[PDB]
Amino acid sequence: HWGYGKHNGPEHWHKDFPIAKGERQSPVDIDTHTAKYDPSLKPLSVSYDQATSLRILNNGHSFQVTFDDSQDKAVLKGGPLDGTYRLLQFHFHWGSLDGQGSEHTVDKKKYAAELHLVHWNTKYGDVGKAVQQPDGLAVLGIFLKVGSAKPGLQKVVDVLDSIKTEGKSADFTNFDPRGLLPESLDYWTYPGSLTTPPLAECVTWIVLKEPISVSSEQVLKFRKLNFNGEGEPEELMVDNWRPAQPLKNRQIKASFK
Ligand SMILES: [N]S(=O)(=O)[C][C][C]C1234B567B89%10B5%11%12B85%13B98%14B%1061B821B326B%1174B%1252C%13%1416[C][C][C]S([N])(=O)=O
Ligand SMILES: [Zn+2]
């Protein structure tokens, strides 16, 4: 099984998923001086007021909070997107120490973590169909730096002890993802891929410029999770990030000057 270790990590993934060496892989380094301001880009529309969270789950690679995506309750629109994208889940990538953890980098700077809110295009009807399409998914990426606590993250942090090991899940209703967003919705965008297997080239990436701050205590709780299942040798769930991949023939566009 793929993972993040020496023998099964990112440098091995191409053997099971040859698209790993494809033309539009993610994440990438965002070179802020080369990204082009595009005045035609619209403001991003984030409509999360009717979001219905369902469960929180340790999937052996991250933890995720899953939403009801059977109706247009929590949707992303505008920005670079055509049409309406339903929120399915959010999850994080993080490091063993604060100087790594993000997938995207900004002028080679790594953040302590990165939040991904994963959305799929309603025109394809279900996420499995959407991953087979070049405009199937839109992932909103938000950097985390360590400093002040993020109050809207605390409800997540506090239940992580109940999903320590792979396969464990818990009820996680009434969680409002608006509490994870920075002030500004200024963003960079580019065409890319899932950053985990199957590495499908189906994502419009929207990466917010403004990080959120989380406390050291909050991120420490992420690092107490385990990659392993209960009863297996304990391996801390840390460094679950894919490094930057070649930009190749792509342009990163900025929504802001
Ligand atoms: N870091 S990331 O790119 O946001 C990966 C998120 C993980 C997934 B996204 B798509 B969305 B779909 B696949 B990918 B994996 B979980 B969430 B949901 C997924 C499982 C199904 C993919 S398949 N195997 O049906 O092609
Ligand atoms: Zn991710």
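For reference, positions follow the sequence shown, starting with 1. Order of listing sets the numbers, starting from 1, for every ligand and every atom in it. Note that these values count all heavy atoms, side chains included, but never hydrogens, waters or copies made by symmetry.
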Asker: Which atom pairs, nitrogen or oxygen on both sides, join ligand 1 and the protein at under 3.5 angstrom?
Answerer:
{"from": "ligand 1", "atom 1": "1 (N)", "to": "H91", "atom 2": "NE2", "distance (Å)": "3.3"}
{"from": "ligand 1", "atom 1": "1 (N)", "to": "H93", "atom 2": "NE2", "distance (Å)": "3.3"}
{"from": "ligand 1", "atom 1": "1 (N)", "to": "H116", "atom 2": "ND1", "distance (Å)": "3.4"}
{"from": "ligand 1", "atom 1": "1 (N)", "to": "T195", "atom 2": "OG1", "distance (Å)": "2.8"}
{"from": "ligand 1", "atom 1": "3 (O)", "to": "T195", "atom 2": "N", "distance (Å)": "2.9"}
{"from": "ligand 1", "atom 1": "4 (O)", "to": "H91", "atom 2": "NE2", "distance (Å)": "3.4"}

Asker: Does the separation of the ring centres of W2 and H61 fall below 6.0 angstrom?
Answerer: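 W2 vs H61: aromatic centres under 6.0 Å.
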Asker: Applying salt bridge (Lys or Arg N to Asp or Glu O under 4.0 Å) between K164 and each of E235, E234, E232, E230, report the one that passes.
Answerer: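 Between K164 and the candidates, salt bridge (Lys or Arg N to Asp or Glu O under 4.0 Å) is satisfied uniquely by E234.
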Asker: With the Zn ion (ligand 2) as the point of reference, which N/O/S atom of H91 is the closest?
Answerer: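 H91's closest N, O or S atom to the Zn ion (ligand 2) is named NE2.
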Asker: Who are the side chain to side chain donor-acceptor pair (under 3.5 Å) partners of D239, not counting sequence neighbours?
Answerer: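 With neighbours one apart ignored, the set is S96, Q100, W241.
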Asker: Verify whether one side chain among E23 and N249 offers a donor that lies under 3.5 Å from an acceptor in the other.
Answerer: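 Absent: no donor and acceptor within the cut-off.
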Asker: Please tell me whether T189 and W205 have a donor and an acceptor in their side chains that are separated by less than 3.5 angstrom.
Answerer: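 Absent: no donor and acceptor within the cut-off.
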Asker: Not counting sequence neighbours, which residues clear side chain to side chain donor-acceptor pair (under 3.5 Å) with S102? List them please.
Answerer: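 Applying side chain to side chain donor-acceptor pair (under 3.5 Å) to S102 gives none.
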Asker: Does any pair with a residue in residues 59-75 pass salt bridge (charged side-chain N to carboxylate O under 4.0 Å, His left out), and if so which ones, sequence neighbours excluded?
Answerer: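 Residue pairs with at least one partner in residues 59-75: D68-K73, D72-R86.
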Asker: Quick check for you: with the Zn ion (ligand 2) as the vertex, what angle do ND1 of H116 and NE2 of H93 span, to 10°?
Answerer: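 That angle works out to 100° after rounding to 10°.
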